[PDB]
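Down below is the structure, laid out as structure tokens.
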Amino acid sequence: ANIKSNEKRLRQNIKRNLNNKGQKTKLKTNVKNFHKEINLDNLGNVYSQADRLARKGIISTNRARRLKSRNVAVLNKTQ
Amino acid sequence: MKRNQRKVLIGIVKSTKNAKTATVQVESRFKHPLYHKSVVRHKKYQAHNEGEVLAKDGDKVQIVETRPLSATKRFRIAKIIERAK
Amino acid sequence: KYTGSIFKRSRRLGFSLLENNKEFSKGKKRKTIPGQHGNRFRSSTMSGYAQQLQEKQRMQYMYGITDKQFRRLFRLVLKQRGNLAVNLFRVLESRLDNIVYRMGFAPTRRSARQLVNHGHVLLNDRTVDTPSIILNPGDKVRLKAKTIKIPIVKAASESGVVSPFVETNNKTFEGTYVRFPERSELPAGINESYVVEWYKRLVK
Amino acid sequence: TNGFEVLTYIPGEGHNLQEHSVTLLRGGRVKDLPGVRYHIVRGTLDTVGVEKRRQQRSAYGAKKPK
Amino acid sequence: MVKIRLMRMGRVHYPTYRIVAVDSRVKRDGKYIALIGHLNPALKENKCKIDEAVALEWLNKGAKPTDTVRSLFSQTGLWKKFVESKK
RNA sequence: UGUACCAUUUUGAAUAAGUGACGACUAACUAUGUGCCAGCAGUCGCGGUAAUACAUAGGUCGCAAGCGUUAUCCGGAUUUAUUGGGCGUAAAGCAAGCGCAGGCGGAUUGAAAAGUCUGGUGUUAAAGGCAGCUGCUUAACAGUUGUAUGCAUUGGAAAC
RNA sequence: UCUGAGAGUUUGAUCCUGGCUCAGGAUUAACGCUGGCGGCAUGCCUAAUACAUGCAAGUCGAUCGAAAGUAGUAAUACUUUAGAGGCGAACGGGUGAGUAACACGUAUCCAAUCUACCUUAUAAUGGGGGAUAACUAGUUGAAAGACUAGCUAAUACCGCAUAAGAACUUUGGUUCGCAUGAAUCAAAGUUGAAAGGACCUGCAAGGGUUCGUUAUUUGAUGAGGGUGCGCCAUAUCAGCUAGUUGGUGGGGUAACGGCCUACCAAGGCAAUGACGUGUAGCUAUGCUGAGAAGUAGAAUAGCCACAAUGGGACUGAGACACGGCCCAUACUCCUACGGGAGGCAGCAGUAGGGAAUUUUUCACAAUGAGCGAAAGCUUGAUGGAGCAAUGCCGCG
Ligand SMILES: [Mg+2]
Ligand SMILES: [Mg+2]
Ligand SMILES: [Mg+2]
Ligand SMILES: [Mg+2]
Ligand SMILES: [Mg+2]
Ligand SMILES: [Mg+2]
Ligand SMILES: [Mg+2]
Ligand SMILES: [Mg+2]
Ligand SMILES: [Mg+2]
Ligand SMILES: [Mg+2]
Ligand SMILES: [Mg+2]
Ligand SMILES: [Mg+2]
Ligand SMILES: [Mg+2]
Ligand SMILES: [Mg+2]
Ligand SMILES: [Mg+2]
Ligand SMILES: [Mg+2]
Ligand SMILES: [Mg+2]
Ligand SMILES: [Mg+2]
Ligand SMILES: [Mg+2]
Ligand SMILES: [Mg+2]
Ligand SMILES: [Mg+2]
Ligand SMILES: [Mg+2]
Ligand SMILES: [Mg+2]
Ligand SMILES: [Mg+2]
Ligand SMILES: [Mg+2]
Ligand SMILES: [Mg+2]
Ligand SMILES: [Mg+2]
Ligand SMILES: [Mg+2]
Ligand SMILES: [Mg+2]
Ligand SMILES: [Mg+2]
Ligand SMILES: [Mg+2]
Ligand SMILES: [Mg+2]
Ligand SMILES: [Mg+2]
Ligand SMILES: [Mg+2]
Ligand SMILES: [Mg+2]
Ligand SMILES: [Mg+2]
Ligand SMILES: [Mg+2]
Numbered sequence: 002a003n004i005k006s007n008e009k010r011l012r013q014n015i016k017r018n019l020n021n022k023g024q025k026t027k028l029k030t031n032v033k034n035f036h037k038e039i040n041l042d043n044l045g046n047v048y049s050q051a052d053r054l055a056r057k058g059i060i061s062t063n064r065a066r067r068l069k070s071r072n073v074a075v076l077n078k079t080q
Numbered sequence: 001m002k003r004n005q006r007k008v009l010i011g012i013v014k015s016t017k018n019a020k021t022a023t024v025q026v027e028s029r030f031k032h033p034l035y036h037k038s039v040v041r042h043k044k045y046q047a048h049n050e051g052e053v054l055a056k057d058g059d060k061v062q063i064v065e066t067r068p069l070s071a072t073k074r075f076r077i078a079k080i081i082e083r084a085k
Numbered sequence: 002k003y004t005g006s007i008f009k010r011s012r013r014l015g016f017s018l019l020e021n022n023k024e025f026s027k028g029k030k031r032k033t034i035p036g037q038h039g040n041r042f043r044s045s046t047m048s049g050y051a052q053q054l055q056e057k058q059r060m061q062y063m064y065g066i067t068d069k070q071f072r073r074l075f076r077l078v079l080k081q082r083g084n085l086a087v088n089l090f091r092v093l094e095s096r097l098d099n100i101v102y103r104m105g106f107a108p109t110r111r112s113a114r115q116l117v118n119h120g121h122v123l124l125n126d127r128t129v130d131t132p133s134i135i136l137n138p139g140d141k142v143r144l145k146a147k148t149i150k151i152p153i154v155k156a157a158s159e160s161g162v163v164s165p166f167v168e169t170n171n172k173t174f175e176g177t178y179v180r181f182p183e184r185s186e187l188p189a190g191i192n193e194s195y196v197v198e199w200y201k202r203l204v205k
Numbered sequence: 071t072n073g074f075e076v077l078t079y080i081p082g083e084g085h086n087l088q089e090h091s092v093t094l095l096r097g098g099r100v101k102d103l104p105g106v107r108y109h110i111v112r113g114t115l116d117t118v119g120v121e122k123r124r125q126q127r128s129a130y131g132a133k134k135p136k
Numbered sequence: 001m002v003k004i005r006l007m008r009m010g011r012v013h014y015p016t017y018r019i020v021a022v023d024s025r026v027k028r029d030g031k032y033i034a035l036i037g038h039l040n041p042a043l044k045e046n047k048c049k050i051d052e053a054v055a056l057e058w059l060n061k062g063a064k065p066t067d068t069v070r071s072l073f074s075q076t077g078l079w080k081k082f083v084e085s086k087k
């Protein structure tokens, strides 16, 4: 009632979930810090983290695009 | 350039008592499946008076569909001939 | 699959297999409908359905056909161009076993079916195993060989009595045929054209 | 097998029904008795066939005399 | 991932194929996009009435043949035009 | 799969016919038994001691490796009638009136072209439908080529 | 060039209105009698009832460590695979429960989208680090396993240098659009890649083919959304709707959107039938009809929905996943009583219901799929063979 492919697939995705959850958390903490003490310096780090996740697929590529556009809107308004 | 052309609908405004809205009604003469006679129908589409168009009640308005701005609103007003009421 | 009392059905309708061998017989020269109830009154005035069914049986008993085969053949010929009153007569007369008896190589029609069923006949360029193949005028239906020596070839080789619509070409047994049968070679045993309308009601 | 009670005529001369038995009803409608609209197929299950019959046996259910 | 491949529509003991452009995930004997031409395992000669028209469009487009499908192209000579048109 | 098929291979009619009906619609009738009893029945209806309608028997009919019965759908049914019905006496004109919405509606001129008509293009998957042809001993069947219907867009017609 | 058959029956007898019945086809058919064979096709319509047992998706050593076996004095040669990794398991197969609405058919707009492998074209494939499966040892057990500590490998993972082009903005031009708005620059800023394997040549150095990889470009297929029209019965169902209608800023979704949020308002649908009830997968089509159309949605084919019931989510290009995961409910089973196991609406088959519908079969040989360079490998899809006059056709 079980398939070796399915069991192995379940065991691998747990480890994948650990690494990907960490990476998503990295993006989350940087953008909250950024918008906290607004500073053009941080913005860059946000760019690096958002683009890296999008290539790996962890985050949908469209999400990197919308986040990038909206954070730049705040800076132009504030600068 | 070559740009696919949108569908159009001709109607009359029935009422307007919200912010930026105009409940228009478009008629048609669909044939009957069996007795083969034209039948007048009535259906009330909604559109938005974003600006420059106003189109208060009683205003004969042309309608072009658009990307859904909200639920049950997918149309926009256009040129107005016979501006009255 | 056939009746074994051909005298009985031939005596009722009145028409035999066109030589009166089943009507003349060697006894009593009986020309009455069979059974005890044969010599009675109330003879004519058969209803249109009554005469049509009796006549329909006549056509399909002259050739050894099952009614379902009849419906199939009628459905085939019906649709084409128009008044096809010349085609279905050729189609009904195009049966392989019918042609072999008319070929003059068999004493009787249903005996020819046995020879056909037993494989003693060859078509133009192939053999025959089924006694229902629809033929077309032009095929050299050459006779078999291992059958020209059997103790029954005597009346078979006497094909000098033959209908004009078949160029048997005996000896060489070319076995071709042409010049499709006119109504003259289809005697008054079954000569009518309202059976087509009867099947028109029964068969769409 | 459902929950409907129907009065069904036993088509034949003689029956083995004993108030408690199983029958395999069919369709019909006897014109003499008002209300009856079904017939019991004879010689199938617990109900016996109709012997002493040589005519139209296929309907009443009797083994070919042979 | 269009793939020119076959589809059985014969009867018991009598197969009958048709060269046809279809997607991989579509069932065999299912939906297809364009018709190329039919085939018969026992037609003796001319066994593959090819089209030579849309087939070149789909192969240039990137249609993926099969092992037996490719085979058919070679006896007629369809592989030659495709490879020389690539060049 | 030693399968389809083939052969002058041995034996040999040898291994193979049932079902419904016979009063009319509906092709096909007599005797025996029973005597409003036993029973038949799709409809009219048969049986009360001379039953071609029941039972049995003989004959005969309609079919055939199938035949009857039952169930369901369509036709016949112009019997919900757009094509294609009616409302005095047979079912059916509200007890009568004022009447909005709806349906219909005098004559002439102009424009537009929503109906209406027409040309071009796209599409309406394949199988099925009809025609022709091929292949299976012909057929059933399979393949093959042809074969519409509607929708949208565009270009004209102006009689209603 | 289409193209249509009637009769019996109210009366003492007649005409008309009018209902009933019959003559014809047809089915996923069943029953009774009987019964020889062959060519095609069909075969749980009921209990989306519960299921014994056996099969129905794996593949690559030419990604990687290790282990084992056979030869060999050794170096090593060959074979095999538990495990790490890549890819496929979302395809294919079945059922029609739910669903009366953008579900479906048709025509469309996506200036509001995705697309792994595949097509074309264009730049790169350099250099480091830290880990854990397998293994060893210990605890706990009959075993499934589980926990703890060390040891390793990479096309697993994580940094770094580097951008032909990309992505995000800035500067003004261009061409403009259908209202939001797109389209193209030149300059600049900001941000961002990976992995090697097999083989040949070469003393070497180096070079090369091919597979594979990162960044792009072209299309195409596939997926998703919106819209017009068509698509059941019922008024002995007249009001329904409070995220329901609209705006604002923000959040979220591949994308637009009360999809979500806070504020501001009170609208929207409805006698041209809302809402409610009952029923039903829709369509191409099957049967029937001269036709208009009536009827069923067999088989098969498209789309949708479902996987004991009800929810949630990971991985992934794609699932909220039939034979993957988590939780609850119901049901069954095993136990050594602590714990567990389970989903035939996949192929057969069993029990039960029914008037009634089949092998607990053979082979991947052909077609089709997944992985692989090939060898191959896996394929109850598929192709055959059983069974049944179930239907058409044919012969005795
Ligand atoms: Mg993802
Ligand atoms: Mg608006
Ligand atoms: Mg009787
Ligand atoms: Mg009698
Ligand atoms: Mg009728
Ligand atoms: Mg009618
Ligand atoms: Mg009338
Ligand atoms: Mg009256
Ligand atoms: Mg009056
Ligand atoms: Mg009155
Ligand atoms: Mg008045
Ligand atoms: Mg009025
Ligand atoms: Mg007028
Ligand atoms: Mg079609
Ligand atoms: Mg066919
Ligand atoms: Mg009378
Ligand atoms: Mg009838
Ligand atoms: Mg292994
Ligand atoms: Mg699936
Ligand atoms: Mg199947
Ligand atoms: Mg089913
Ligand atoms: Mg249902
Ligand atoms: Mg992939
Ligand atoms: Mg390394
Ligand atoms: Mg870097
Ligand atoms: Mg890597
Ligand atoms: Mg809003
Ligand atoms: Mg009619
Ligand atoms: Mg179906
Ligand atoms: Mg079904
Ligand atoms: Mg399962
Ligand atoms: Mg799975
Ligand atoms: Mg099963
Ligand atoms: Mg189930
Ligand atoms: Mg295979
Ligand atoms: Mg049969
Ligand atoms: Mg037959």
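Those protein sequence lines, which keep their order, are chains S, P, C, K and O. Terminal number for the first sequence in the deposited numbering: 80, no gaps in between. Terminal number for the second sequence in the deposited numbering: 85, no gaps in between. Terminal number for the third sequence in the deposited numbering: 205, no gaps in between. Terminal number for the fourth sequence in the deposited numbering: 136, no gaps in between. Terminal number for the fifth sequence in the deposited numbering: 87, no gaps in between. Ideal Cβ placement from N, Cα and C applies to all residues, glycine included.
query = What's the gap between the Cα of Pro104(K) and the Cα of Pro81(K)?
reply = The sequence position of residue 104(K) within the fourth sequence is 34, counting from 1. The sequence position of residue 81(K) within the fourth sequence is 11, counting from 1. Computed Cα separation, rounded: 16 Å.
ask   = In chain order, what residues of the same chain lie with their CB nearer than 6 Å to the CB of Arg99(K), ignoring the 5 residues before and after it?
value = Against the fourth sequence, residue 99(K) aligns to sequence position 29. These residues qualify, in order along the chain: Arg107.
query = Of the residues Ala51(S), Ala74(S) and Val73(S), which one's Cα is nearest the Cα of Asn63(S)?
reply = Position 62 of the first sequence, counted from the first residue, corresponds to residue 63(S). Nearest C-alpha to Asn63(S): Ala51(S).
task = Output the distance between the C-alpha atoms of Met60(C) and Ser38(P), rounded to the nearest integer angstrom.
result = Locating residue 60(C) in the third sequence gives position 59, counting from the first residue. Locating residue 38(P) in the second sequence gives position 38, counting from the first residue. Going by the C-alpha atoms only, they are around 58 Å apart.
message = Contact defined as beta carbons within less than 8 Å: I believe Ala22(P) pairs with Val13(P). What is the distance between those atoms, to the nearest angstrom?
response = In the second sequence, residue 22(P) corresponds to position 22, counting from 1. In the second sequence, residue 13(P) corresponds to position 13, counting from 1. About 5 Å separates the two Cβ atoms, so the contact holds.
ask   = How many Å lie between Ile7(C) and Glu20(C) at the Cα?
value = Reading the third sequence from its first residue, position 6 is the one you call residue 7(C). Reading the third sequence from its first residue, position 19 is the one you call residue 20(C). Going by the C-alpha atoms only, they are around 14 Å apart.
query = Going by DSSP, what residues sit across from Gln46(P) in a beta bridge?
reply = One-based indexing of the second sequence puts residue 46(P) at position 46. DSSP lists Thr23(P) as partners of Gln46(P).
Closest Cα partner of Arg83(P) within the set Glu27(P), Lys2(P), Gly58(P) and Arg74(P) = On the second sequence, position 83 is the one that residue 83(P) refers to. Comparing Cα-Cα distances from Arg83(P) to each of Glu27(P), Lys2(P), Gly58(P) and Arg74(P), the minimum goes to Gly58(P).
ask   = Does the Cβ of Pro135(K) have 16 or more other Cβ atoms within 10 Å, making it buried, or fewer, making it exposed?
value = Against the fourth sequence, residue 135(K) aligns to sequence position 65. Per the 10 Å Cβ criterion, exposed.
Rounded straight-line distance, which links the Cα of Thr114(K) to that of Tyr130(K) = One-based indexing of the fourth sequence puts residue 130(K) at position 60. One-based indexing of the fourth sequence puts residue 114(K) at position 44. Rounded to whole angstroms, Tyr130(K) to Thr114(K) spans 10 Å at the Cα level.
When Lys145(C), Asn137(C) and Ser112(C) are compared against residue 1(C), the one with the closest alpha-carbon = A query on residue 1(C) cannot be resolved here, the shown segment of chain C reaching from 2 to 205 and no further.
Residues bridged to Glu65(P) (per DSSP) = Along the second sequence, read from residue 1 onward, the residue named residue 65(P) stands at position 65. Per DSSP, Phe75(P).
ask   = How big is the Cα-Cα spacing for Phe181(C) and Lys133(K)?
value = Position 180 of the third sequence, counted from the start, is the residue given in the question as residue 181(C). Position 63 of the fourth sequence, counted from the start, is the residue given in the question as residue 133(K). Cα to Cα, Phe181(C) sits roughly 52 Å from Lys133(K).
message = Taking the beta carbon of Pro132(C) as the centre, do at least 16 other beta carbons fall within 10 Å, making it buried, or is it exposed?
response = Against the third sequence, residue 132(C) aligns to sequence position 131. With 16 or more other Cβ atoms within 10 Å, it is buried.
inquiry  = Quick check: does the Cβ of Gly58(S) come within less than 7 Å of any heavy atom belonging to ligand 1?
reply    = As a first step, residue 58(S) must be located in the first sequence, where it is residue number 57. Yes, ligand 1 has a heavy atom inside 7 Å of this Cβ.
ask   = What is the DSSP secondary structure of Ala34(O), counted as helix, strand or coil?
value = Translated into positions along the fifth sequence, residue 34(O) becomes position 34. DSSP places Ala34(O) in strand when its eight states are reduced to three.
ask   = Out of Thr68(O), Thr66(O), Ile4(O) and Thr76(O), which has the shortest C-alpha to C-alpha gap to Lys31(O)?
value = As a first step, residue 31(O) is located in the fifth sequence; it is residue number 31 there, counting from the start. Measuring from the Cα of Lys31(O), the nearest candidate turns out to be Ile4(O).
Three-state class that DSSP yields for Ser70(P) in the structure shown = Start at 1 with the first residue of the second sequence, and residue 70(P) comes out as number 70. Here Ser70(P) sits in strand by DSSP.
inquiry  = If the criterion is Cβ atoms closer than 8 Å, does the pair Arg91(C) and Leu18(C) meet it?
reply    = Against the third sequence, residue 91(C) aligns to sequence position 90. Against the third sequence, residue 18(C) aligns to sequence position 17. No; because the gap between Cβ atoms is not below 8 Å, this pair is not in contact.
request  = Report yes or no: do the region 55-62 of chain S and the region 12-32 of chain S share at least 3 C-beta pairs separated by less than 8 Å?
outcome  = yes
request  = May I ask you to list the residues that DSSP assigns as paired with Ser158(C)?
outcome  = For the purposes of this step, residue 158(C) is taken as residue 157 along the third sequence, with counting starting at 1. The partner list for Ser158(C) (beta bridge, DSSP) is empty, contrary to what the question assumes.
message = The alpha helix (DSSP H) that contains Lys86(O), what's its start and end?
response = As a position in the fifth sequence, residue 86(O) is number 86, starting the count at 1. Unbroken alpha helix (DSSP H) run through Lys86(O): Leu78 to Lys86.
Three-state class that DSSP yields for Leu39(O) in the structure shown = As a working mapping, residue 39(O) is identified with position 39 in the fifth sequence. Strand, per DSSP.
query = So what does DSSP say about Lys85(P), is it helix, strand or coil?
reply = Within the second sequence, numbered from 1, the residue matching residue 85(P) stands at position 85. The answer is coil: DSSP assigns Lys85(P) none of H, G, I, E or B.
query = Who are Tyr17(O)'s beta bridge partners in DSSP?
reply = As a first step, residue 17(O) must be located in the fifth sequence, where it is residue number 17. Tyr17(O) pairs with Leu39(O).
query = Should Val24(P) be labelled buried (16 or more other beta-carbon atoms within 10 Å of its own) or exposed?
reply = In the second sequence, residue 24(P) corresponds to position 24, counting from 1. Label assigned to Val24(P): buried.
task = Work out the CA separation of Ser24(O) and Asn14(S) for me, nearest whole Å.
result = For the purposes of this step, residue 14(S) is taken as the residue at position 13 of the first sequence. For the purposes of this step, residue 24(O) is taken as the residue at position 24 of the fifth sequence. Cα-Cα distance, rounded: 28 Å.
Integer Cβ distance of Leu136(C) from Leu97(C), believed to fall under 8 Å = As a working mapping, residue 136(C) is identified with position 135 in the third sequence. As a working mapping, residue 97(C) is identified with position 96 in the third sequence. Right, the Cβ-Cβ distance comes to about 6 Å (below 8 Å), so this counts as a contact.
inquiry  = I need the DSSP call for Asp23(O), collapsed to helix, strand or coil.
reply    = Position 23 of the fifth sequence, counted from the first residue, corresponds to residue 23(O). Reduced to three states, the DSSP call for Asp23(O) is strand.
key: For residue 126(P), three-class secondary structure by DSSP   = Since the displayed chain P opens at 1 and closes at 85, residue 126(P) lies outside it and no answer follows.
inquiry  = Considering only the alpha carbon of each residue, which of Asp140(C), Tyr200(C) and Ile191(C) lies closest to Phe174(C)?
reply    = By one-based count along the third sequence, residue 174(C) stands at place 173. It is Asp140(C).
key: Test item: CB-CB of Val26(P) and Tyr45(P) under 8 Å   = Walking along the second sequence from the start, residue 26(P) turns up at place 26. Walking along the second sequence from the start, residue 45(P) turns up at place 45. For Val26(P) and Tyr45(P), yes; Cβs fall inside 8 Å.
C-beta atoms of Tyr200(C) and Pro138(C) nearer than 8 Å = Start at 1 with the first residue of the third sequence, and residue 200(C) comes out as number 199. Start at 1 with the first residue of the third sequence, and residue 138(C) comes out as number 137. No. Outside cutoff.
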